[PDB]
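Asks: Sharing coords39.pdb (PDB, C-alpha atoms and all ligand atoms) below.
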MODEL        1
ATOM      1  CA  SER A 683     140.258 196.016  55.135  1.00  0.00           C
ATOM      2  CA  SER A 684     141.185 199.267  53.369  1.00  0.00           C
ATOM      3  CA  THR A 685     144.830 200.221  53.979  1.00  0.00           C
ATOM      4  CA  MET A 686     146.941 197.094  54.426  1.00  0.00           C
ATOM      5  CA  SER A 687     150.610 196.251  54.081  1.00  0.00           C
ATOM      6  CA  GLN A 688     153.031 193.278  54.045  1.00  0.00           C
ATOM      7  CA  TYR A 689     151.702 190.150  52.358  1.00  0.00           C
ATOM      8  CA  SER A 690     148.192 189.289  51.201  1.00  0.00           C
ATOM      9  CA  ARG A 691     144.955 188.804  53.102  1.00  0.00           C
ATOM     10  CA  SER A 692     144.294 185.705  55.191  1.00  0.00           C
ATOM     11  CA  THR A 693     140.594 186.386  54.915  1.00  0.00           C
ATOM     12  CA  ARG A 694     137.623 184.050  54.645  1.00  0.00           C
ATOM     13  CA  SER A 695     135.238 186.956  55.192  1.00  0.00           C
ATOM     14  CA  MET A 696     131.633 186.193  54.297  1.00  0.00           C
ATOM     15  CA  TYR A 704     130.132 187.896  59.903  1.00  0.00           C
ATOM     16  CA  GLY A 705     130.993 190.403  62.599  1.00  0.00           C
ATOM     17  CA  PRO A 706     134.213 191.679  64.160  1.00  0.00           C
ATOM     18  CA  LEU A 707     133.915 190.627  67.786  1.00  0.00           C
ATOM     19  CA  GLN A 708     134.799 193.270  70.347  1.00  0.00           C
ATOM     20  CA  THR A 709     136.870 191.691  73.121  1.00  0.00           C
ATOM     21  CA  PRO A 710     138.869 192.984  76.082  1.00  0.00           C
ATOM     22  CA  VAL A 711     141.890 191.847  74.049  1.00  0.00           C
ATOM     23  CA  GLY A 712     140.727 194.012  71.162  1.00  0.00           C
ATOM     24  CA  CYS A 713     138.699 192.681  68.246  1.00  0.00           C
ATOM     25  CA  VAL A 714     138.691 189.353  66.408  1.00  0.00           C
ATOM     26  CA  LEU A 715     137.810 188.448  62.837  1.00  0.00           C
ATOM     27  CA  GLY A 716     136.703 184.825  62.566  1.00  0.00           C
ATOM     28  CA  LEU A 717     135.359 184.213  66.064  1.00  0.00           C
ATOM     29  CA  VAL A 718     131.651 184.117  66.902  1.00  0.00           C
ATOM     30  CA  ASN A 719     130.129 185.529  70.084  1.00  0.00           C
ATOM     31  CA  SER A 720     129.022 183.033  72.728  1.00  0.00           C
ATOM     32  CA  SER A 721     128.792 182.658  76.503  1.00  0.00           C
ATOM     33  CA  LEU A 722     129.953 179.229  77.690  1.00  0.00           C
ATOM     34  CA  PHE A 723     132.366 178.017  80.368  1.00  0.00           C
ATOM     35  CA  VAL A 724     135.712 176.275  79.868  1.00  0.00           C
ATOM     36  CA  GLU A 725     138.050 175.488  82.758  1.00  0.00           C
ATOM     37  CA  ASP A 726     140.630 173.668  80.594  1.00  0.00           C
ATOM     38  CA  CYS A 727     141.399 176.132  77.823  1.00  0.00           C
ATOM     39  CA  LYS A 728     144.101 175.048  75.390  1.00  0.00           C
ATOM     40  CA  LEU A 729     144.360 178.137  73.159  1.00  0.00           C
ATOM     41  CA  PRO A 730     144.906 181.229  75.328  1.00  0.00           C
ATOM     42  CA  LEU A 731     143.570 184.298  73.525  1.00  0.00           C
TER
ATOM     43  CA  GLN B 927     155.425 199.773  71.579  1.00  0.00           C
ATOM     44  CA  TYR B 928     154.317 199.868  67.954  1.00  0.00           C
ATOM     45  CA  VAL B 929     157.353 201.910  66.836  1.00  0.00           C
ATOM     46  CA  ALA B 930     159.225 198.633  66.455  1.00  0.00           C
ATOM     47  CA  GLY B 931     156.448 196.194  67.367  1.00  0.00           C
ATOM     48  CA  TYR B 932     156.837 195.768  71.118  1.00  0.00           C
ATOM     49  CA  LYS B 933     153.658 193.803  71.643  1.00  0.00           C
ATOM     50  CA  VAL B 934     152.999 192.980  75.279  1.00  0.00           C
ATOM     51  CA  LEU B 935     151.043 189.815  75.907  1.00  0.00           C
ATOM     52  CA  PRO B 936     148.581 190.396  78.746  1.00  0.00           C
ATOM     53  CA  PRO B 937     148.841 187.833  81.553  1.00  0.00           C
ATOM     54  CA  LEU B 938     146.670 184.902  80.590  1.00  0.00           C
ATOM     55  CA  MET B 939     144.258 185.574  83.379  1.00  0.00           C
ATOM     56  CA  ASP B 940     142.241 188.749  83.635  1.00  0.00           C
ATOM     57  CA  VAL B 941     142.806 190.651  86.888  1.00  0.00           C
ATOM     58  CA  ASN B 942     139.562 189.331  88.382  1.00  0.00           C
ATOM     59  CA  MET B 943     140.759 185.746  87.893  1.00  0.00           C
ATOM     60  CA  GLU B 944     143.765 185.893  90.200  1.00  0.00           C
ATOM     61  CA  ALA B 945     141.691 188.213  92.343  1.00  0.00           C
ATOM     62  CA  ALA B 946     139.408 185.219  92.887  1.00  0.00           C
ATOM     63  CA  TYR B 947     142.500 183.050  93.364  1.00  0.00           C
ATOM     64  CA  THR B 948     143.631 185.363  96.148  1.00  0.00           C
ATOM     65  CA  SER B 949     140.064 185.256  97.447  1.00  0.00           C
ATOM     66  CA  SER B 950     140.155 181.456  97.576  1.00  0.00           C
ATOM     67  CA  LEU B 951     143.455 181.349  99.416  1.00  0.00           C
ATOM     68  CA  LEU B 952     142.236 184.078 101.777  1.00  0.00           C
ATOM     69  CA  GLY B 953     139.256 181.863 102.522  1.00  0.00           C
ATOM     70  CA  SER B 954     141.408 178.768 102.911  1.00  0.00           C
ATOM     71  CA  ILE B 955     144.287 180.083 105.054  1.00  0.00           C
ATOM     72  CA  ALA B 956     142.342 178.940 108.083  1.00  0.00           C
ATOM     73  CA  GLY B 957     140.827 176.185 105.967  1.00  0.00           C
ATOM     74  CA  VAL B 958     144.071 174.241 105.591  1.00  0.00           C
ATOM     75  CA  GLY B 959     145.720 175.242 108.841  1.00  0.00           C
ATOM     76  CA  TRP B 960     144.669 172.465 111.178  1.00  0.00           C
ATOM     77  CA  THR B 961     145.639 169.158 109.580  1.00  0.00           C
ATOM     78  CA  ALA B 962     148.351 167.964 107.214  1.00  0.00           C
ATOM     79  CA  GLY B 963     147.392 167.196 103.634  1.00  0.00           C
ATOM     80  CA  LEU B 964     144.803 168.717 101.320  1.00  0.00           C
ATOM     81  CA  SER B 965     141.910 166.367 102.057  1.00  0.00           C
ATOM     82  CA  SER B 966     139.427 168.087 104.378  1.00  0.00           C
ATOM     83  CA  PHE B 967     138.625 171.730 105.061  1.00  0.00           C
ATOM     84  CA  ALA B 968     139.005 173.791 108.218  1.00  0.00           C
ATOM     85  CA  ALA B 969     136.768 176.840 107.838  1.00  0.00           C
ATOM     86  CA  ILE B 970     137.077 177.519 111.579  1.00  0.00           C
ATOM     87  CA  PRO B 971     136.530 180.975 113.086  1.00  0.00           C
ATOM     88  CA  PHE B 972     139.709 182.724 111.994  1.00  0.00           C
ATOM     89  CA  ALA B 973     140.594 184.070 115.444  1.00  0.00           C
ATOM     90  CA  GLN B 974     140.470 180.499 116.728  1.00  0.00           C
ATOM     91  CA  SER B 975     142.877 179.509 113.950  1.00  0.00           C
TER
HETATM   92  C1  LIG C   1     128.549 189.298  72.882  1.00  0.00           C
HETATM   93  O1  LIG C   1     127.290 189.973  72.993  1.00  0.00           O
HETATM   94  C2  LIG C   1     127.074 190.609  74.262  1.00  0.00           C
HETATM   95  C3  LIG C   1     125.691 191.211  74.215  1.00  0.00           C
HETATM   96  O2  LIG C   1     125.747 192.595  73.895  1.00  0.00           O
HETATM   97  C4  LIG C   1     128.161 191.650  74.516  1.00  0.00           C
HETATM   98  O3  LIG C   1     127.980 192.207  75.813  1.00  0.00           O
HETATM   99  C5  LIG C   1     129.538 191.010  74.410  1.00  0.00           C
HETATM  100  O4  LIG C   1     130.546 192.005  74.531  1.00  0.00           O
HETATM  101  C6  LIG C   1     129.685 190.299  73.071  1.00  0.00           C
HETATM  102  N1  LIG C   1     130.981 189.651  72.975  1.00  0.00           N
HETATM  103  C7  LIG C   1     131.714 189.660  71.858  1.00  0.00           C
HETATM  104  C8  LIG C   1     133.026 188.944  71.927  1.00  0.00           C
HETATM  105  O5  LIG C   1     131.332 190.220  70.836  1.00  0.00           O
ENDMDL
END
The structure in this file should be written as structure tokens.
Replies:
Amino acid sequence: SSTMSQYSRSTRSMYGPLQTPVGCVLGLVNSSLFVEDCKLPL
Amino acid sequence: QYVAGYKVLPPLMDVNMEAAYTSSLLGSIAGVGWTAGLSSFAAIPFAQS
């Protein structure tokens, strides 16, 4: 969170930045389930 | 890419996913090739196909 720019923070930070093959996500929580009908492609 | 924000969306399947798609069609090339339609399966010996 240190060196930002543009507009303000869209942060509801309270638990861990998830490391993903698409990088890292703030807000998600780690889990291992199965979905064959995904509607939000991350 | 970042010099003017040229973000590339990765294809929405990981490489293993369409790898398994290709695997399924490689298993089903004989498996469709005996009868019209997509009802049954035809996992015959491939040479016989
Ligand atoms: C979830 O935890 C497992 C256990 O170490 C890890 O292998 C996986 O990368 C984690 N996934 C995320 C999104 O943090």
Asks: Going by the chain IDs and residue numbers used in this file, which residues fall under the PyMOL selection byres (((not hetatm)) within 12 of (chain C and resi 1))? Write them as a list in words.
Replies: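 Expected selection for the PyMOL selection byres (((not hetatm)) within 12 of (chain C and resi 1)) here is residues 704, 705, 706, 707, 708, 709, 710, 711, 712, 713, 714, 715, 716, 717, 718, 719, 720, 721, 722 and 731 of chain A.
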Asks: Could you please select, counting all atoms listed in the file, the residues of chain B within 10 Å of chain A and state them as a compact mmCIF listing (two decimals) with C-alpha atoms, in the coordinates of the input?
Replies:
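Generated output (selection-v6.txt):
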# COMPACT_ATOMS: atom_id res chain seq x y z
CA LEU B 935 151.04 189.82 75.91
CA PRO B 936 148.58 190.40 78.75
CA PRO B 937 148.84 187.83 81.55
CA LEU B 938 146.67 184.90 80.59
CA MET B 939 144.26 185.57 83.38
CA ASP B 940 142.24 188.75 83.64
Asks: Could you work out how far atom CA of residue B:941 lies from atom CA of residue A:727, giving the answer in Å with one decimal?
Replies: 17.2 Å
Asks: Record the distance separating atom CA of residue B:945 and atom CA of residue B:975, expressed in Å with one decimal.
Replies: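 Separation of atom CA of residue B:945 and atom CA of residue B:975: 23.3 Å.
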Asks: Counting all atoms listed in the file, write as a VMD selection string all protein and nucleic acid residues lying at most 12 Å from (134.9, 197.1, 52.9) in the file's frame.
Replies: chain A and resid 683 to 685 695 to 696
Asks: Using only C-alpha atoms, please write the residues we just selected to a file, as a PDB file, in the coordinates of the input.
Replies:
ATOM      1  CA  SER A 683     140.258 196.016  55.135  1.00  0.00           C
ATOM      2  CA  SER A 684     141.185 199.267  53.369  1.00  0.00           C
ATOM      3  CA  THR A 685     144.830 200.221  53.979  1.00  0.00           C
ATOM      4  CA  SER A 695     135.238 186.956  55.192  1.00  0.00           C
ATOM      5  CA  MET A 696     131.633 186.193  54.297  1.00  0.00           C
TER       6      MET A 696
END
Asks: Expressed in Å to a single decimal, how great is the separation between atom CA of residue B:951 and atom CA of residue B:974?
Replies: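 Here the two named atoms are 17.6 Å from each other.
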Asks: Applied to this file, what does the PyMOL selection byres (((chain B and resi 968) around 7) and not hetatm) return in terms of residues, put as JSON, numbers by chain?
Replies: {"B": [956, 957, 958, 959, 960, 966, 967, 969, 970]}
Asks: Selection from above, C-alpha atoms, as a PDB file, in the frame of the given file, can you write it?
Replies:
ATOM      1  CA  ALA B 956     142.342 178.940 108.083  1.00  0.00           C
ATOM      2  CA  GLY B 957     140.827 176.185 105.967  1.00  0.00           C
ATOM      3  CA  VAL B 958     144.071 174.241 105.591  1.00  0.00           C
ATOM      4  CA  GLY B 959     145.720 175.242 108.841  1.00  0.00           C
ATOM      5  CA  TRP B 960     144.669 172.465 111.178  1.00  0.00           C
ATOM      6  CA  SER B 966     139.427 168.087 104.378  1.00  0.00           C
ATOM      7  CA  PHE B 967     138.625 171.730 105.061  1.00  0.00           C
ATOM      8  CA  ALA B 969     136.768 176.840 107.838  1.00  0.00           C
ATOM      9  CA  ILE B 970     137.077 177.519 111.579  1.00  0.00           C
TER      10      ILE B 970
END
Asks: As lines of an AutoDock Vina configuration file, what would the box around stretch 947-960 of chain B look like: edges along x, y and z, 3 Å added on every side, centre and edge lengths in Å to one decimal?
Replies:
center_x = 142.5
center_y = 178.9
center_z = 102.3
size_x = 12.5
size_y = 18.9
size_z = 23.8
